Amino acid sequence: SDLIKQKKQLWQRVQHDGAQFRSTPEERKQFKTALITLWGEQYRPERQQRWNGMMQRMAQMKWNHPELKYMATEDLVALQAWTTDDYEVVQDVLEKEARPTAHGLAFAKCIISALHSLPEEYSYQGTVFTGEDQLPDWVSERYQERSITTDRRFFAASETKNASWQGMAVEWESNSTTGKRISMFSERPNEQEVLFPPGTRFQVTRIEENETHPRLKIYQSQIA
């Protein structure tokens, strides 16, 4: 549709704006609508209440944490929304082979705006751990040893291997320099989630293979 054109436009914006990416007033209005209608018209009243609840929670969070005073409240909402089941419609929205949805793109712009709007003191510096069920070819197409991966996905990780951890077929150990800690905004803060936007670059240093789980363990380092 025109969604294809919107996707490539957004991917171009992501790389051109870099850390200056910022959502516009209407982009936030569109994100609000996308989130409230995401399950269809029958759940709009419930998801309008969820939205209003998240707005008030994030409005008060800015009151309690003045360093967040100039983050759009909707952008913060985007970060809590990311930690719900809604992440499934936006995590891959900018992948080359993904079929974009209007709601996916709306979500994406405000999550990206949030991540580059958070003050640097929210960056986690150190190793963050990720597990996902992905196929070997999926890994090979995206990560090769001693090559740089320009990630087009929203890449989730954790400061820890905590109770949230569960062994998966693919694992990452990613040295973070500016990956942002969003536990303060998540519905489950004790996961200590760290989230990288599309456009993050990783120097892949080595990829381990096992016939056990993890089948593939990727070691990579974020770079400027």
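Note that residue numbering follows the sequence shown and begins at 1.
For the pair 161 to 169 and 52 to 60, the mean B factor over Cα atoms is greater in 161 to 169. When 212 to 220 is weighed against 20 to 28, 212 to 220 comes out higher, by mean CA B-factor as recorded in the entry. Residue-level inspection of the entry shows that, of 116, 153, 99, 109, 99 has the top Cα B-factor.
Among the modelled residues of the chain, residue 45 sits in the highest third by CA temperature factor in this PDB entry. Per the PDB record, residue ranking by Cα B-factor puts residue 182 in the lowest third of the chain. Per the PDB record, residue ranking by Cα B-factor puts residue 34 in the middle third of the chain. Compared with the other modelled residues of the chain, the Cα B-factor recorded for residue 92 ranks in the lowest third. In this PDB entry, the Cα temperature factor of residue 85 sits in the top third of its chain's modelled residues, the highest group.
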